[PDB]
Amino acid sequence: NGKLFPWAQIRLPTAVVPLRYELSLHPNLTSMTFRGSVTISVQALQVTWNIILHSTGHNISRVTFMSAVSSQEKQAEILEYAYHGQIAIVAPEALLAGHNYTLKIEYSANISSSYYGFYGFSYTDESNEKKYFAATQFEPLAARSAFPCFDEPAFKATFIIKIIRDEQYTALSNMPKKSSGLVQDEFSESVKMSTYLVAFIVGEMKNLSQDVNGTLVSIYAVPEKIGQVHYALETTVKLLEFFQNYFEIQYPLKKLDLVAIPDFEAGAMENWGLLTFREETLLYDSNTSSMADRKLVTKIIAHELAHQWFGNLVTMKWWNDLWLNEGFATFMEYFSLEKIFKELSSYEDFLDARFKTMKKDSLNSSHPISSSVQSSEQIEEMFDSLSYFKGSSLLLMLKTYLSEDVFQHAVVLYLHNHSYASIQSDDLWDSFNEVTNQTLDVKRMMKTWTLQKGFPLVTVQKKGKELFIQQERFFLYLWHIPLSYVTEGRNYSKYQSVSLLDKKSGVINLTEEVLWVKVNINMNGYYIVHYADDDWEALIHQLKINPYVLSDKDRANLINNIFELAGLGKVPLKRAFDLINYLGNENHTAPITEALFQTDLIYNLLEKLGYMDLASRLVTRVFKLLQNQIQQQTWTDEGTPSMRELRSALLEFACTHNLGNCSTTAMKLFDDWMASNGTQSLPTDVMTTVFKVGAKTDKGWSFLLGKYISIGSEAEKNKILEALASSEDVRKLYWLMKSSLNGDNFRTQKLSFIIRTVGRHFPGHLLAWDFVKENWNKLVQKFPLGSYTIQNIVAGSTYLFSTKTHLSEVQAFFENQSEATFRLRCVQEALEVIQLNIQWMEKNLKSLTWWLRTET
Ligand SMILES: *[C@@H]1O[C@H](CO)[C@@H](O[C@@H]2O[C@H](CO)[C@@H](O[C@@H]3O[C@H](CO)[C@@H](O)[C@H](O)[C@@H]3O)[C@H](O)[C@H]2NC(C)=O)[C@H](O)[C@H]1NC(C)=O
Ligand SMILES: N[C@H]1CCSSC[C@@H](C(=O)NCc2ccccc2CC(=O)O)NC(=O)C[C@H](Cc2ccc(O)cc2)NC1=O
Ligand SMILES: *[C@@H]1O[C@H](CO)[C@@H](O[C@@H]2O[C@H](CO)[C@@H](O)[C@H](O)[C@H]2NC(C)=O)[C@H](O)[C@H]1NC(C)=O
Ligand SMILES: *[C@@H]1O[C@H](CO)[C@@H](O[C@@H]2O[C@H](CO)[C@@H](O)[C@H](O)[C@H]2NC(C)=O)[C@H](O)[C@H]1NC(C)=O
Ligand SMILES: *[C@@H]1O[C@H](CO)[C@@H](O[C@@H]2O[C@H](CO)[C@@H](O)[C@H](O)[C@H]2NC(C)=O)[C@H](O)[C@H]1NC(C)=O
Ligand SMILES: *[C@@H]1O[C@H](CO)[C@@H](O)[C@H](O)[C@H]1NC(C)=O
Ligand SMILES: *[C@@H]1O[C@H](CO)[C@@H](O)[C@H](O)[C@H]1NC(C)=O
Ligand SMILES: *[C@@H]1O[C@H](CO)[C@@H](O)[C@H](O)[C@H]1NC(C)=O
Ligand SMILES: *[C@@H]1O[C@H](CO)[C@@H](O)[C@H](O)[C@H]1NC(C)=O
Ligand SMILES: *[C@@H]1O[C@H](CO)[C@@H](O)[C@H](O)[C@H]1NC(C)=O
Ligand SMILES: [Zn+2]
């Protein structure tokens, strides 16, 4: 390596611009190796002497420079940096502005063992013959490893993939196949699309498909589970007809292929014409799948289809605006559901996810949804709750403040104007303003939301017939808030209005002296509202009297807010618990769960700290509130989906802390199920709750383990797995984490699941953090530093620590690792989580024992 590399920055130079890529690769699954050839059509709009590409883990043999008048090809010199995963091609004779050239590079590499890029694995059949499968995960920066390219989403280009298969496999990609000793299939040329959407799969599969008003929707799967693809096609065809009507642009490809991958870490991918999925996520069987399992497969297919337009067709210029794709997809995912799939009551998950996202956003570790991103690790952490749900709340807020129809016009204009192009944060805002040329100037209103941390705190004071509103930052520079308040008059009549706050303080005029208010119409706004004690007390009385004047979304938003507010010390803890006394008149799921999550969170914290006494006192008092609702629950899979998951939460809550007869009944059902060798029908809703009880027995634990290896229902196994990991035998728990990590018997994709479940409860609480801590570099090899997977793990096992001593060790451990690792958001956020737990223990623990006492 004589001369040094010609580029000294992370981001690619803009002189070179690709037009067309030819990727012809030949892979041997036996040795986990392949040979690939990349032909790139490149136009240089700048006078340059050097060409730079992203490339890693590659054996390069020969490169060609060939755009001379009659020259066939010329040999060239390749240079590699490798710190930035970049390679430089010193082309002879400088490229001229506007002149097209063609670069072909020859290389060899290995199939990776990590869950990233081009990877392969071996899975076992029903007939028990080992088979191999190859898949693609290029998003976000894994294309570099696969083939040498301009690995940046703004460098859109056309792609033609030529792939070779070993026997008579299924070779699939973005475009349909037309190729006729081993066979070589060449897929057709595709739309100008980014490099990270390139996808190709190689394995033994079968196909179930239907025509959808011109296009062929194919849902592929491994021969074993091809019967379980019936539900996916039903929804996929229904959704595509729905999405094509609300975005008048129709699907641009001849074939839409959704595939169920045996392993695969991410829930699903959006690769144009090749939706890659998790087998647990795409497959479904009514007999063995729960209501939540039916809801999970519906939303992911809804979420994946939205990307076809948001991200595939029109995508972000750079990841610092990644919320411009996932934020839109998540919004469009739950919006689509609410119109064509209202039965599912999918608003609940969106609410809960926003409640959980708002807590992470409120921390000082949070960043703006449009935030400067430079390092590779900085890019990897962009796939967090904010991008999915703070970008999704931002979109939701606009739809409610503005009209529903206007949103369609802003959406449709946005897609056509920027089709097959890179967009920015500001590009999206003009589109709203373009269709609405009034005094709105959206880009100024949304500049506050997209350029700063957190959300506002709306403090509401009512004196007489005036509503006093002030906006404050949330912690333990000014936004434009769309306030929406629901008032009840003295004749108890419904009346609702909306106002916009662009100032720190405000006063809203009321028509008549009211009984109470609600300051956020449902959730709908990305902010937290605090009320005056009397106004807070007014809400509690109404709730104690009749809770149905409010919504379930409106009543569970009150619970999340009061506890969040109670946690940080703004308002005394008792008043938060004082509100949750209306549970007797409560039959809806969203208020019940958010109360249960708030109580379940508190109990887990105390249990860790040795306060066994206080913890059970808490779940007792809550059990007595919900004793009526809990006791009338039937183990029968009966009721409209929201009712079905309403059952599981209560059955889980009673059984997890050994309350009532839940354990008594579940033991009997499990014995019935076990003494039937798994043949006997056991209801989908109560399966996980029964499995948890069955796993307490060593025989039950061992019997279940035999089923997990034995059965093929992925949805039923993840229910069983939750039972094994909820076991209290630390020796059993440790083994589960070691198995997935190495991948024997347990697939590595569950490692985050097992580590998170192990760390929740007292046995294995220390075990989970230590296994993450002591196996950390093996974990960084499997999932990149900054990845959701590794950020999920850190947060999954560190949220229940509440001690300054514990805070000192997590902080010290990451110091021991590296400066790149210690500056990570996951380390910084999860350490701050522990901090707040110290304070919550400080401010409310002492008093909590006061309301939690038996007074003579
Ligand atoms: C279709 O797409 C084009 C390109 O995205 C849109 O053009 C954009 O229009 C906005 C209007 O606000 C321009 O923003 C302006 O920027 C200057 C300074 O940079 C500022 O002085 C103005 O007050 C305003 O902020 C924006 O520049 C322009 N795009 C580009 C690339 O310049 C167009 O509005 C879209 N909609 C249609 C044509 O209906
Ligand atoms: N951006 C692309 C992919 C880039 S990788 S994102 C990180 C990774 C991930 O782990 N998700 C959570 C998850 C989901 C299923 C099983 C396990 C786990 C992790 C756990 O067990 O905790 N996959 C995704 O999130 C898929 C999500 C699309 C999506 C679908 C359904 C939704 O309801 C929301 C969102 N992502 C995209 O389209
Ligand atoms: C990859 O290499 C393996 C061997 O290392 C090939 O597998 C066998 O190859 C021999 C000769 O090519 C055949 O006679 C066998 O029947 C093959 N059987 C099995 C089960 O693999 C394999 O064909 C090669 N594949 C590619 C795509 O190159
Ligand atoms: C019962 O409540 C309703 C809620 O709409 C009252 O209707 C309006 O009340 C406000 C406040 O007094 C007035 O400003 C409006 O003009 C009322 N609407 C009319 C008059 O059409 C309603 O008036 C209440 N019933 C009464 C006062 O008898
Ligand atoms: C209970 O079910 C298991 C499978 O979960 C049975 O074990 C397999 O049975 C098949 C036939 O169904 C045999 O061909 C295999 O040899 C068995 N596998 C193993 C690992 O032993 C089992 O026979 C069923 N009943 C009992 C009482 O064991
Ligand atoms: C994988 O391939 C790369 C590129 O050819 C090569 O450097 C390396 O020796 C192979 N694998 C590992 C883990 O070393
Ligand atoms: C790369 O190719 C060269 C030349 O064919 C060879 O000597 C070397 O072993 C190859 N590297 C790998 C990792 O296969
Ligand atoms: C390269 O081909 C494109 C095809 O779109 C054409 O626009 C361009 O004129 C060609 N290059 C030059 C320097 O003209
Ligand atoms: C699988 O693909 C073929 C390709 O022609 C198609 O005709 C067939 O209908 C598909 N199989 C089904 C729907 O079972
Ligand atoms: C079983 O549930 C009922 C429902 O009220 C409860 O009263 C009873 O105490 C439970 N059985 C126990 C605790 O043994
Ligand atoms: Zn997504």
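Start at 1 and count along the chain as shown; that gives each residue its number.
When the header is checked for method, it gives X-ray crystallography, 3.2 Å.
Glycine residues also receive a Cβ, built from the backbone N, Cα and C atoms like all the rest.
The substrate binding site feature in Swiss-Prot is assigned to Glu139, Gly267, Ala268, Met269, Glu270, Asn271. Per Swiss-Prot, the feature Zn(2+) binding site maps to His303, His307, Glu326. Annotation source Swiss-Prot lists active site, proton acceptor at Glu304, citing sequence analysis. The feature site 'Transition state stabilizer' is assigned by Swiss-Prot to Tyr388, with similarity to another entry given as support.
Marked as expression tag by the PDB entry: 853-856.
Features as recorded by Swiss-Prot, highlighted on the structure.
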residue: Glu139; record: substrate binding site; DSSP (3 states): coil
residue: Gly267; record: substrate binding site; DSSP (3 states): coil
residue: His303; record: Zn(2+) binding site; DSSP (3 states): helix
residue: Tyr388; record: site 'Transition state stabilizer'; DSSP (3 states): helix
Among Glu139, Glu270, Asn271, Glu326, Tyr388, the one of these recorded positions whose Cβ has the fewest neighbouring Cβ atoms within 10 Å: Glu139
Same-chain residues near the expression tag (853-856), Cβ under 8 Å, at least 6 residues beyond its ends: none
Near-site residues: Zn(2+), ref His303, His307, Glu326, CB cutoff 8 A to centroid: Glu270, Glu304, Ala306, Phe310, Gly311, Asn325, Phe328, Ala329, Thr330, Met332, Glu333
Distance between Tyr477 and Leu476, Cα atoms (Å), gap of 12 unmodelled residues: 16
Candidates near ligand 11 among the binding-site residues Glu139, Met269, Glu326, judged by a Cβ under 6 angstroms: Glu326
Cα-nearest neighbour of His307 (Zn(2+) binding site) within the listed recorded positions, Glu139, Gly267, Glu270, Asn271, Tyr388: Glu270
Structural state census, the expression tag (853-856) (DSSP three-state): 0 helix, 0 strand, 4 coil
Across 5 unmodelled residues, the distance in Å between the CA atoms of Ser180 and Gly181: 12
From recorded positions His303, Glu304, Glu326, the one whose Cα lies nearest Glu270 (substrate binding site): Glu304
Surrounding CB atoms that lie within 10 Å of the CB of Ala268 (substrate binding site), all protein chains: 22
Inter-residue C-alpha distance, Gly267 (substrate binding site) and the residue listed as 'active site, proton acceptor' (nearest angstrom): 10
Rounded to the nearest Å - Cα separation of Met269 (substrate binding site) and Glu304 (active site, proton acceptor): 7
